[PDB]
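Undergrad: next input, structure requested:
(one chain, ligands or ions: 1)
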Amino acid sequence: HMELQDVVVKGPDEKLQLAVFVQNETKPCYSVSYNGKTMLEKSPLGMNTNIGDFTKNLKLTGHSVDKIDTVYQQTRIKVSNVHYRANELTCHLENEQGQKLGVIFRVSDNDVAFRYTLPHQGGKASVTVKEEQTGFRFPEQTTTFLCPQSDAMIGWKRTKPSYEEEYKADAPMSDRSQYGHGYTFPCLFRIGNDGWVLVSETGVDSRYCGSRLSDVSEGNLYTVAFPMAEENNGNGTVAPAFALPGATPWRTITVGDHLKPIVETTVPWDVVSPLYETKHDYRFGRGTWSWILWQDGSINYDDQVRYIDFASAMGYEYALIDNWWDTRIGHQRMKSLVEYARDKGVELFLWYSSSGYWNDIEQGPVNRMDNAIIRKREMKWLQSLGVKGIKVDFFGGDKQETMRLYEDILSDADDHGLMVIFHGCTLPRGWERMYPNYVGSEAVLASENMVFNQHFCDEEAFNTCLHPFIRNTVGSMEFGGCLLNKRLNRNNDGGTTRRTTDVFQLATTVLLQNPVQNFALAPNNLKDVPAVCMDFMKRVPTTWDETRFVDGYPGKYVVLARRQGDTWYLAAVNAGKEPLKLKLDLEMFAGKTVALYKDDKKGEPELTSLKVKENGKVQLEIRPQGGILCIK
Ligand SMILES: [Ca+2]
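TA: Numbering: from 1, shown residues only. There you are, the coordinates:
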């Protein structure tokens, strides 16, 4: 009947369609459909800017279309080779004053990435974007899987926000956020029975701020919100500023009738490029990590010797030395520790606080990463020692000032051949491709919380069944998983109690992806953990060539297969309270004999063999809080 769209752009197979409404509309907007079903209703576009307003009553003066068809290679993500095929719509907009603004849509089969461009105009060479009107409006029956943005300057030593909040599964849209500050990316929506939508953003660097979703308004609308003024302890302004001609980051919409495109999406990397070339061949792998289970009491020379030895015995590439080391071990003895590790075929990652001036962190070393002079001095020392990586913690929030800090740290690091892990940090936004030496981020309730609180032990399976669909699907997640201890303290006889099985934990090494994995193993595990588990952990990969979603539902259960070289790893876990019965079609395992890790009826780990017939017909039952792993 009566159609108002100015122009329509489709994905290559034409299932995904995006329509644009600008002409004669008070508020410029777009809408999204998949297989003819409305996935996003009319959602606002535009922005408010210190050279002009692009919020209301725009004209679409013209448009252009192009076909993108390229191949790119990317390490440190869920797949190693991407054939990117999309259709690009460029819209040229004008406000009543005649000021100009571009909007670009790139639509692949199951993803939309869009951004604004601002040309040099009005004698202006720079701009401050006061606000984005950019929005996402959903069908009435839509439910949500969101974690809230916290207040600023709360939590441990006033270090929040730190992207460390809890989810609600299938929540009503009308629900109010826990703190009244909306939700951090990425954000998962179930469109009734018509499939799924994941909202995020990518290509955020020093030229913008990190963004998030507001609370709902009008019953169904989420608006792109800029960081809160109280972040970074009130230092630095909220509104992002950049040179003209310039652009906003990419807003991303992963949409499908199934969970498969959600899990397998590469849109955080589809629309960004490396910001520098590296001369270093960065080696990824596995680390031992004393602090997770042995905590602050482990930060001393002899215990670090113990974990270095443990890494050597495990054949692990790295050992992570955590907070307090500069004061309880010292820079001087660190050299002999590094030498000792090298003689054992082990290299080190060292913990640093990013923090200089915005919080109350005392754990050191502090003030070695915020000042470029001091930072480069430090990194020269690190490189001269042959330290291979750093873990940088406790950042100041989402303000562009903090983005500047992230990027500059990464750049100096690369100049000194150092890999970088971020903790106490924001969500990575396509950062693996943008930064050659980036090797992962926290931005999640990590395994440390299970050590801290029994609640997070009880919730482990639920969150594990969330991450492949949400947090981890858009980027590396340094979770610190695989706890083979039964009791989460040093002597394995106190503290919190793991609620999941060993095979669950093993499966979690495949489910949760990060290039440099610092697992929560401990030396005592070589004595008090069944040999098959430790044997597996000796062969665990941390990098992948391909990832295939097999089955699952967010927060309930998850089944995925990941390939390294010619070897396929299928991992599944169950967060339900009733046993889970799977009939799977596994092309992977053809007519082959696979190695099967399973919970025995008593819940203990068992390794057997399983013949998968030419039909690919596998059948399996998974106990609650349990898992299954197939390798061939
Ligand atoms: Ca943390």
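Undergrad: domains in the chain, by residue range?
TA: Domains of the chain are assigned by curated CATH domains as 1-272, 273-543, 544-632.
Undergrad: now the helices for the stretch 501-632 of the chain?
TA: Counting by DSSP state H, counting those that start in this stretch, one finds helices in the stretch 501-632 of the chain at the ranges 502-511, 525-528, 531-539.
Undergrad: residues in contact with the second one?
TA: When you say that, I think you mean helix 525-528. By C-beta atoms under 8 Å, 6 or more residues apart in numbering, the list of residues contacting helix 525-528 from outside reads 310, 313, 484, 485, 492, 533, 534. C-beta: built from backbone N, CA, C; applies to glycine.
Undergrad: any idea how far the first one is from residue 424?
TA: If you measure residue 310 against residue 424 using C-beta to C-beta, to the nearest Å, the figure is 26 Å.
Undergrad: what about those two, which has more around it?
TA: More neighbours surround residue 424 than the other of residue 310 and residue 424, with 26 against 22 (other C-beta atoms under 10 Å).
Undergrad: helix, strand or coil: sort out the more buried one for me.
TA: Secondary structure, DSSP: H, G, I helix; E, B strand; the rest coil: residue 424 is coil.
Undergrad: thought it was touching residue 161?
TA: No: in this structure, residue 424 is not within contact of residue 161 by C-beta atoms under 8 Å, at 9.5 Å.
Undergrad: SS state for residue 233?
TA: helix.
Undergrad: so it is in contact with residue 361, correct?
TA: No: checked against C-beta under 8 Å, the pair residue 233 and residue 361 is beyond contact range at 11.5 Å.
Undergrad: more neighbours: those two, which one.
TA: Shown here are residue 233 and residue 361; by other C-beta under 10 Å, residue 361 has more neighbours (19 against 15).
Undergrad: which helix or strand contains the more buried one?
TA: Assigned by DSSP states H and E, residue 361 belongs to no helix or strand.
Undergrad: any idea how far residue 440 is from it?
TA: Distance from residue 361 to residue 440, by C-beta to C-beta: 21 Å.
Undergrad: residue 86 now?
TA: Distance, residue 86 to residue 440, by C-beta to C-beta: 27 Å.
Undergrad: can you check residue 609 too?
TA: Counting by C-beta to C-beta, the gap from residue 609 to residue 440 is 34 Å.
Undergrad: quick one: which of those two has more around it?
TA: A side-by-side neighbour count of residue 609 and residue 440, using other C-beta under 10 Å, places residue 440 first with 28 against 9.
Undergrad: packing partners for the host helix or strand of the more buried one?
TA: According to DSSP H and E, residue 440 maps onto strand 438-441. Helices and strands touching strand 438-441, as assessed by 3 or more C-beta pairs under 8 Å, 6 or more residues apart in numbering; DSSP states H and E, comprise strand 419-422, helix 431-434.
Undergrad: off-centre distance for stretch 599-616?
TA: Centroid separation for stretch 599-616 versus its chain: 31 Å, with C-alpha atoms, centre = their mean, to the nearest Å.
Undergrad: buried sites along that stretch?
TA: Neighbour-count burial for stretch 599-616, counted by 16 or more other C-beta atoms under 10 Å, picks out 599, 605, 607, 612.
Undergrad: and those, which is closest to residue 334?
TA: residue 605 (37.4 Å; C-beta to C-beta).
Undergrad: dump the residue contacts of that closest one.
TA: 501, 502, 503, 506, 530, 532, 533, 597, 598, 599.
Undergrad: what about those residues, which one has the most neighbours?
TA: Ranked by neighbour count under the definition other C-beta under 10 Å, these are headed by residue 503 with 31 neighbours.
Undergrad: that residue contacts residue 600, correct?
TA: No: Residue 503 is beyond contact range of residue 600, at 9.2 Å (criterion: C-beta under 8 Å).
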